[PDB]
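Listed below, chain by chain, are the residues.
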Amino acid sequence: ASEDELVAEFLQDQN
Amino acid sequence: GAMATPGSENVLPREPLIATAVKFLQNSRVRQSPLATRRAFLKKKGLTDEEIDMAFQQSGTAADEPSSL
């Protein structure tokens, strides 16, 4: 798995 | 240990994970989120506070232990 899904989930959710 | 971290049998992939966490912490979008949010994100990814602290420590430009991640 790549970290992209996490990073994106991260700042999109905490946007 | 230095180069050879005694894991289950082979070296423990802790350093490459910490290295990944450093990249995450250096990301522009990630840096916009509150500190607690960044730490919690890493915790949900499976890193321990000890590993997260090490990631933050190396996220600037330093290396207290002569080895360089």
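Scoring rules and cut-offs
Residues numbered from 1 in each chain as written, not as in the entry; some residues may be left out. Chains lettered and ligands numbered in written order. Heavy atoms only, no water. Helix = DSSP H or I, 4+ residues; strand = E, 2+ residues; numbered from the N terminus. Buried < 20%, exposed > 50% of the residue type's maximum accessible area, 1.4 Å probe, protein only. Axes fitted to C-alpha atoms, helices over the stretch in contact; angles between N-to-C directions. Parallel < 35°, antiparallel > 145°, perpendicular 65-115°, else oblique. Left-handed = near helix turned anticlockwise from the far one by under 90°. Contact = heavy atoms within 4.5 Å. Nonpolar A, V, L, I, M, F, W, Y, C, P; charged D, E, K, R; others polar. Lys, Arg positive; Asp, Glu negative; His and termini not counted. Salt bridge = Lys/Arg side-chain N within 4 Å of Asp/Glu carboxyl O. Polar contact = N/O pair within 3.5 Å; in protein donor to acceptor, adjacent residues only side chain to side chain. Expected span 1.5 Å × (residues − 1). Arc of directions from axis to C-beta. Core = buried A, V, L, I, M, F, W, Y, C linked by side-chain atoms within 4.5 Å.

- Its PDB header names solution NMR as the technique used to obtain the model.

1. Details of unusual backbone geometry
Residue and element names in this part refer to chain B.
Stage number 1. A positive phi angle, close to 60 degrees, is found at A2, a residue other than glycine.
Stage number 2. In this fold, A2 is placed in the segment before α1 (14–26).
Stage number 3. On the basis of relative accessibility, which here comes to 74%, the residue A2 falls in the exposed class.
Stage number 4. With phi around 70 degrees, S68 is a residue other than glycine that occupies positive phi space.
Stage number 5. Within the fold, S68 resides in the segment after α3 (49–58).
Stage number 6. Among the residues examined, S68 registers a relative accessible area of 59% and is labelled exposed.

2. Overview of the packing of α1(B) against α3(B)
Residue and element names in this part refer to chain B.
Stage number 1. Following both chains from N to C, one finds α1 and α3 inclined at 55 degrees, their axes separated by 9 Å at the closest point. Classed by the angle they form, the pair α1 and α3 counts as oblique. Between α1 and α3 the crossing geometry is right-handed. Contacts between α1 and α3 involve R14, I18, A21, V22 and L25 on the former and, on the latter, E50, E51, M54, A55, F56 and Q58.
Stage number 2. For the contact of α1 with α3, the class distribution of residues is seven nonpolar, one polar and three charged.

3. Structural notes on the side chain of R38(B)
Residues and elements named next belong to chain B.
Stage number 1. Note that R38 resides in helix α2 (residues 35–44).
Stage number 2. Lacking a salt bridge, the buried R38 has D53 as its closest oppositely charged neighbour, with an N-O distance of 13 Å.
Stage number 3. Of the polar contacts made by the side chain of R38, one reaches the backbone oxygen of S33; its length is 2.7 Å.

4. What about α1(B)?
Stage number 1. Counted at 1.5 Å a residue, the expected span for α1(B) with its 13 residues is 18 Å, and the 18 Å between its end C-alpha atoms agrees.
Stage number 2. Those residues of α1(B) that sit buried are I18(B), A21(B), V22(B), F24(B) and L25(B). Across the axial projection of α1(B), the buried residues extend over an arc of 160 degrees, all falling on one side.
Stage number 3. The inward-facing, buried residues of α1(B) abut α1 (4–13) of chain A together with α2 and α3 of chain B.

5. Describing the nonpolar core
Stage number 1. Of all hydrophobic cores here, the largest spans 14 residues; its most connected members are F10(A), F24(B), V30(B), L42(B) and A55(B).
Stage number 2. At the level of secondary structure, the elements contributing two or more residues to this core comprise α1 of chain A together with α1, α2 and α3 of chain B.
Stage number 3. Each residue touching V30(B), except ones within four places of it in the same chain, is listed here: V7(A), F10(A), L11(A), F24(B), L25(B) and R38(B).

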